[PDB]
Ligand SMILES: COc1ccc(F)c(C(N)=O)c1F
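Just the one chain here, laid out as structure tokens, in the form solved without 2,6-difluoro-3-methoxybenzamide.
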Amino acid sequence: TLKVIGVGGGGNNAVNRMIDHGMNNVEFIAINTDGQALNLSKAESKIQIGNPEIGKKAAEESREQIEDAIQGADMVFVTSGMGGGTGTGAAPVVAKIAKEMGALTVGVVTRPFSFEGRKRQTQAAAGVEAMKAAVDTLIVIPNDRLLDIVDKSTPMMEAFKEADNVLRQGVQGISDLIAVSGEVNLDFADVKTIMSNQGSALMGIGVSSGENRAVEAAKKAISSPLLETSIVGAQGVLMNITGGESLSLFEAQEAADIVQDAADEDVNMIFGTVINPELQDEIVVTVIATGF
């Protein structure tokens, strides 16, 4: 039982992208203060709660409504945009409740763009520290590093939809590996071994389609701009290899071995594969490195 919880406006929009893109392994929950924007959410479960301190007390006042929604989950994803009042303060509370209930809590959050001002960057920094305390592992993508990812052509009014896509890839990276119906999935106990109480995590994404797509997508994930460091400093590595119906076990093994050779000699590496047939010839390699 996996649940991804979008906290705040930006977090809700990512969840809505997470649903438009096929991701049915998981139960979706949306939490916000703005009721109208909650009605425009696509998640099954919606919870209205109620400067990042309003968000906090709103979440704490709705502790039991949040507790009820998460009930039964084994792992929970809390995705939010840090910076605003709602997500920055409420998302650490939703995470801390999830971790108290025994769920493996994974935070996938964003730092705002530089063009959003220092105050929004200052509050986001405090939210990030709050979330690190709350979750098992936290993935933080600074929105500024999408400029090292997006096209020269990217419109400025499209900028927050690429943020949605990156948060989609963070959650779907791990979520697709654990409970899809086509079961060459991994074992949950081993996932816990890589995520539990670790803290700060890196994410690498690589896409390719050639004859040597496996080697190419793995090298590009190893050196994805989203990684702030090389994964060599990492103790545990969770790797996802998503392909179409032509994805081979050899290709997965090849890509896993390339990543494992870049990690620390005695990393704890677990990897799995996901067949999604909308993808034709391109494979996507997602690497999650933990413990920093």
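Take the two forms, find the largest set of C-alpha atoms that superpose within 1.5 Å, and that set is the rigid core. Don't overthink the numbering: it's just position in the shown sequence, from 1.
Note that the form solved in complex with 2,6-difluoro-3-methoxybenzamide isn't included here; everything after this is about it.
The binding site of this unliganded chain is blocked: after 2,6-difluoro-3-methoxybenzamide is superimposed from its pose in the deposited complex, three or more of its atoms come within 2.4 Å of the backbone or C-beta atoms. The closest heavy atom approach of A189 to 2,6-difluoro-3-methoxybenzamide in the deposited complex falls outside 4.5 Å. When contacts are judged by a 4.5 Å heavy atom cut-off, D176 counts as touching 2,6-difluoro-3-methoxybenzamide in the deposited complex. Although the partner is absent here, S200 lies well away from 2,6-difluoro-3-methoxybenzamide in the deposited complex, with no heavy atom inside 4.5 Å. The shortest heavy atom separation between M269 and 2,6-difluoro-3-methoxybenzamide in the deposited complex exceeds 4.5 Å. Contact annotation: of the candidates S209, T193, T154, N185, the single residue with a non-hydrogen atom within 4.5 angstroms of 2,6-difluoro-3-methoxybenzamide in the deposited complex is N185. Residues placing heavy atoms within 4.5 Å of 2,6-difluoro-3-methoxybenzamide in the deposited complex fall in a single listed stretch, namely 177 to 185, out of 95 to 103, 177 to 185, 210 to 218, 125 to 133.
Taking 2,6-difluoro-3-methoxybenzamide as positioned in the deposited complex, the residues of 252 to 281 that bring a heavy atom within 4.5 Å of it are, in sequence order, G272, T273, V274.
Comparing C-alpha positions between the shown form and the other one after a rigid core fit, one residue in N143, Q198, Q123, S175 moves 2 angstroms or more. It is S175.
The two forms, fitted on the rigid core, differ between the shown form and the other one by 2 Å or more at the CA of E162. Once both forms are overlaid on the rigid core, the distance between the two CA positions of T273 between the shown form and the other one is 2 angstroms or more. After superposition on the rigid core, the Cα atom of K99 is displaced by less than 2 Å between the shown form and the other one. Relative to the shown form, the CA atoms of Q253 and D187 are pushed 3 Å or more farther apart in the deposited complex. In contrast to the form presented, in the deposited complex the C-alpha positions of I139 and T229 draw closer by 3 Å or more.
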